[PDB]
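A lone chain, given as structure tokens: the form deposited in one PDB entry.
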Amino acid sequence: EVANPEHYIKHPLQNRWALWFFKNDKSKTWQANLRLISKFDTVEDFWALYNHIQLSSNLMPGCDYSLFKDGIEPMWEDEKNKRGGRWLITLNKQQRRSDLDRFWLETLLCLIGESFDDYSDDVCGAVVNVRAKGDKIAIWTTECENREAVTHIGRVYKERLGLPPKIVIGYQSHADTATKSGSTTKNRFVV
């Protein structure tokens, strides 16, 4: 003889997530400008957070928002990111108005909804970069050598965002990040 949980319990998410903010400051290290906002693990708590913060579209150029599974820091050095990479979405200046905010929300929902099904374990989180030269959004995965998982995640993500199918996107390995003044990171896969 107990109350029906459907009438009062919050709707749980498979994982607990953490949202981070990056504030641009040249006089300090990258890590020093990165700070945690808060965490949540239910549908209700996700909306409570999203509804009171600024849309990416309104942030000052140079700042970022990052949503990662609790325990995984949004940086290359992390145990779960060092051997991984990211599927990169490169937006033009006009998309700041038309697609940035809509794309970022769909990205958030793809993560907390575990929309990559059988390859959910390879997903680490996502990052949106607000920049004057052109905004960027990316989904980070844990292992660049897991071809099956990486290509499936890329396909689903591209489909969910809904941009024209003829547009190809690439996946970059973090370890491959350019360090030689005169080169640029190449793509491991494309979908």
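Only residues modelled in both forms are compared. Between two forms, the rigid core is the largest collection of C-alphas that superpose within 1.5 Å. Throughout, we count residues from 1 along the sequence that is shown.
The discussion below concerns the form deposited with a partner chain bound, not included here.
Visitor: Tell me whether 14, 106 and 109, taken together, all sit within 4.5 Å of the partner chain in the deposited complex, counting heavy atoms only.
Guide: Yes, because 14, 106 and 109 each have a heavy atom that approaches the partner chain to within 4.5 Å in the deposited complex.
Visitor: Quick check: residue 14 between this form and the one not shown - does its CA shift reach 2 Å or more after fitting the rigid core?
Guide: After core superposition, the displacement of the residue 14 C-alpha between this form and the one not shown stays below 2 Å, so no.
Visitor: Would the C-alpha of residue 168 be classed as shifted by 2 Å or more between this form and the one not shown after rigid-core alignment?
Guide: It does not reach a 2 Å shift.
Visitor: Send over the list of consecutive residue runs, 3+ long, where the C-alpha shift is 2 angstroms or more at every position between this form and the one not shown on a core fit.
Guide: The runs that move are 5-7, 27-32, 178-184.
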